[PDB]
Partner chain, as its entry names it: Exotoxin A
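Let's start with one chain on its own, the form solved without its partner chain, as structure tokens.
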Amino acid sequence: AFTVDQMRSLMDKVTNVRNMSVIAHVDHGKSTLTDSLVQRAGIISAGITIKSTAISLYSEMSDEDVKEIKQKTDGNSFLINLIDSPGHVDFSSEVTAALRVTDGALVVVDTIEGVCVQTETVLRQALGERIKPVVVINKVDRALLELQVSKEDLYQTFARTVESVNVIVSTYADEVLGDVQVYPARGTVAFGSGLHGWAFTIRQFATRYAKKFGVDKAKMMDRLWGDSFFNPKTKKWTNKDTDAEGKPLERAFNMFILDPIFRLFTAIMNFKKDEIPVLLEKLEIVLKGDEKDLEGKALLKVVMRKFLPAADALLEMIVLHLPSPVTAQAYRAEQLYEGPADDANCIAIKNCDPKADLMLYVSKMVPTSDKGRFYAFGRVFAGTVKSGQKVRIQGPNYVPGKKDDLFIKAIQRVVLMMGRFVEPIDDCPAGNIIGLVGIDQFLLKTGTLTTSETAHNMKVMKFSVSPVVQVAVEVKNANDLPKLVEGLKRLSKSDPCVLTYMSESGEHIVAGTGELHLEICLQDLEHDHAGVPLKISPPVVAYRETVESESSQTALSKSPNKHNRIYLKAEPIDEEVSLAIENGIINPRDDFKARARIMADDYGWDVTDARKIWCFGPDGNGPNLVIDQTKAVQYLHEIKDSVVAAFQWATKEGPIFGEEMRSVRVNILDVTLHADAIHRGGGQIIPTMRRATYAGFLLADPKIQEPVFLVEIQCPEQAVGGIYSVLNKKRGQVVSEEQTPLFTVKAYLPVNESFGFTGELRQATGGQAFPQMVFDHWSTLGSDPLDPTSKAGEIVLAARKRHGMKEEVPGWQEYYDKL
């Protein structure tokens, strides 16, 4: 219970402030531990409400304790800002926003489960912010009760957990910071049970036994952890787990810390009415009043709370080990400032200078009961913010010279953010956390308030600007198509970063900058833009049907009439020729003579074959060709249109699963026709050529080609490794690595391997990589398209079922008409 003056006074001694948060999965006792801190040291003031965003704690340390702080200190009082944090992590930018206003973190890990992925993810982001961690291994009660673990197994579990945490810390912490790893013997690891209400540090026991052993606690805390053994028989401390005779010695941690706790649990839970009193009296635990009548769990909870109040263990680590803003801003200043390292504002941040020009970072907007009004939440890194102070509001795009995102207004009121309540205060100096009212409209989400025209913007969130997240959108009710199509246009007009287009497989595609952006776009589409039910799904990928070699034997097919026959063979068109056709070097309408010369002289074709191409397909211009190689066919000219038409048909619909053919060359070897045109009409020859083409194709070692993206990723050096890791899991192929900006990695990524790519990429790069993708080329899959179990076969089988086709692919024999 403090007055505003008392708060303001506490806020003046920034050396004695601790800005931090709790990094913990909700299921690991996050709430219970924070509640414990609040109940023990929460600060309350001596008709609006907001969403609780931060809580203020007050803690006092003894004169001797304060001397242990390896940091500038002034007095024995401390103000601790416990900043609320989401948790939902896969490396979200929101989390990074809350972390940004903190300098230290209390990391909660589970005794049994250890370090979960979420916690690892948030810790990594925290380390990326140069935040110093302190750890609490929670839920010890579970190991004692459920698993009935032994003292040594518990110790080993603790040791493994501490190691897992330090692996992460040693991997992501900046070298300039020195050793940021956590050490039980140094008092930076606590152990306890949030729900139960107890916890301890080695320092607390070292303090509790230093005088009893007649040694200074510095020596005691080193002896109460790790390989230190006190042999009662020799009265000596050693680092050997066996005595002279080779007999096993019990670890000091187990002997002096775990044993007392184990015996309390055992004695109390087993209702040992006579032992309990002795044990309590020996540990100087005094029960008062009705507590003396308690038994079992109820008694245990009461005994442990008096024995090792959890909050006390946590506050100790926060005060003695987490940095103050003064300490932290010295090495965080540069990261936080996008401007010159030797700039006046940067220097003011480095020195946490309250007299300098204002540098206040708005971390987020907090919802209030003030009719739709939100209060800005953030931290004063330099200067002092004041009520009715002219300030410069700079958005995520504001740049010194250009007036983009600039907003010069007078701060209506500065308020302390005490849980769900606010308390107006005249001003707030550098180093503190604070809330601002009246900043609503001028800013939304992150921002920066400065009182310097030269003031640059504090580190802004980098955001994707490419429509890399894409999905297929279809109406649930056919009749609504007109509304969807219209909606897409409306959506596009209202949003510059959204992309909509028709896919090669006839699907309406909606693409956004990121998952969240795409999600907003799809919601507004279904609800407003189109205002009709929609079905969202992973876009269907288009494939191409090709041949790996020449037909193993002449393909023969006859017309329904049975009077006409076509003999042909299919073979591959070289990639460079297909590309030449697709890109306009070799064209359907070019003079057949000049075109033949190019194909022969430049692409190695036989000039006669080239001069005799009957057509390109599909659509008369695709990268597939029919070459006449017949010799003495009397009515050849009369079946040409029919042969061409059939090819347009076959190349549009391949025999593997109906996809378009690509790079297929068909050579008409011979044709036998009935003398009378009456039996040689299109209705007879078209079916014949189509049937023979499919046969030739199937006989030519059929293959399917998949679409491949050219992916370009910008990112910091130490994150490049993530790119390669993900690419290797998705048949990616690095193309290049170029660069004093960032790194740009280019690679090939199969389109059917890109769904969700964006998500796994940020996961492997700690949300530091930005992907861009554009269709690049077709790639032939080597596996057998006709084998349902191969890679290509799996794709083919799935598409066939999706189209209601018979699962098995009709073989070449199905189209072959023996003589």
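So that the term is clear: the rigid core is the largest set of C-alpha atoms that superpose within 1.5 Å between two forms. Numbering follows the first chain given and starts at 1.
Only in words, not in the display: the form solved in complex with its partner chain, which the text now covers.
If the cut-off is 4.5 angstroms on heavy atoms, which of these, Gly75, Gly506, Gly584, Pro716, is the one near its partner chain in the deposited bound form? It is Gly506.
Here the chain is shown alone; which of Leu264, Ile434, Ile686, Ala313 has a heavy atom within 4.5 Å of its partner chain in the deposited bound form? Answer to the contact question: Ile686.
Please determine, with the chain shown alone, which of 506 to 514, 87 to 95, 145 to 153, 490 to 498 has non-hydrogen atoms within 4.5 Å of its partner chain in the deposited bound form. So the stretch in question is 506 to 514.
Partner contact for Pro560 in the deposited bound form: its partner chain, 4.5 angstroms, heavy atom: Output for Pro560 is yes: heavy atoms within 4.5 Å of its partner chain.
Considering only heavy atoms, tell me if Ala798 and its partner chain come within 4.5 Å of each other in the deposited bound form. Residue-level check for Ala798: no, no contact with its partner chain.
Answer with yes or no whether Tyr694 is in contact with its partner chain in the deposited bound form, where contact means some heavy atom within 4.5 Å. Taking the distances in the deposited bound form, the answer for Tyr694 is yes, it comes within 4.5 Å of its partner chain.
Is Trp649 close to its partner chain in the deposited bound form, meaning a heavy atom pair under 4.5 Å apart or at it? Contact check for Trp649: yes, within 4.5 Å of its partner chain in the deposited bound form.
Considering only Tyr331, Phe265, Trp614, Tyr155, which residue exhibits a C-alpha shift of no less than 2 Å between the shown form and the other one, with the rigid core used for superposition? The listed residue whose C-alpha shifts by at least 2 Å is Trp614.
Relative to the superposed rigid core, does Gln553 relocate between the shown form and the other one - that is, does its Cα move 2 Å or more? Yes, shifts by 2 Å or more.
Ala310: CA shift of at least 2 Å between the shown form and the other one after core fit? No; that C-alpha moves by less than 2 Å between the shown form and the other one.
Rigid core superposed, CA of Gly29 - does it shift 2 Å or more between the shown form and the other one? Shift of 2 Å or more: no.
Just to spell it out: taking the C-alpha atom of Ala769 and the C-alpha atom of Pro133, is that distance smaller or larger in the deposited bound form than in the structure shown here, given it changes by 3 Å or more? Closer together, by at least 3 Å.
Did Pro771 and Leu127 drift closer or farther in the deposited bound form, going by a CA distance change of 3 angstroms or more? Compared with the shown chain, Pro771-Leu127 is closer in the deposited bound form.
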